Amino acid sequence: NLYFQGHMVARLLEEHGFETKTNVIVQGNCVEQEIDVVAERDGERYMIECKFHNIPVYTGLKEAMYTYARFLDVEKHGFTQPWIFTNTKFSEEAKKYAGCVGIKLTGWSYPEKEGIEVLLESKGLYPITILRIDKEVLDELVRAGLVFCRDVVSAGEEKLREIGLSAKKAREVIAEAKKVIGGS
């Protein structure tokens, strides 16, 4: 589900004109480094890491500083800036450190006008995590690039069967996605 997060983030950036690759390991100057999303547009290339939480806690200074060190180790591969996405908030210390070293930050509601809540809600997007589906079904959908309820609908029950859903489960998931989309 860092797998889901990276795919959701790549998709949101693709909607804003970025070319993306997910879950990339590169050989750093020193050691191998995982990059959750590599995003490029108009000659800028970002090293993106997702740090999401399932409880209401901050992404803090230690995470920011780790991330900066990661960026330094991969920078020779042609990265403009590191960028952290979180689904909660950054601490004030993390915000300060980031502004001062040059880490872009996107939280649920940060920066003003550009948080994940805006990226999703401005397009009317609903992550498939809202659906009554298990981690297996979930992962199958994501691997097919299905990250939003709309993707389930436009994939179609035929395609959901290929990726591993029973006919019955495919019908149920499509109906659930339609209900979310029509129930706002």
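Residue numbers run from 1 along the displayed sequence.
- Relative to its counterpart among 122-130 and 65-73, 122-130 has the higher mean temperature factor, C-alpha atoms as listed in the PDB entry.
- Remark: stretch with higher mean C-alpha B factor among 54-62 and 134-142 is 134-142.
- Ranked within its chain, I25 lands in the middle third, by CA B factor from the PDB record.
- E32: CA B factor in the lowest third of modelled residues in this chain (values from the PDB entry).
- The deposited CA B-factor of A177 belongs to the middle third of values across its chain.
- Ranked against the other modelled residues of its chain, the C-alpha B-factor of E49 as given in the entry falls in the lowest third.
- Ranked against the other modelled residues of its chain, the C-alpha B-factor of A170 as given in the entry falls in the highest third.
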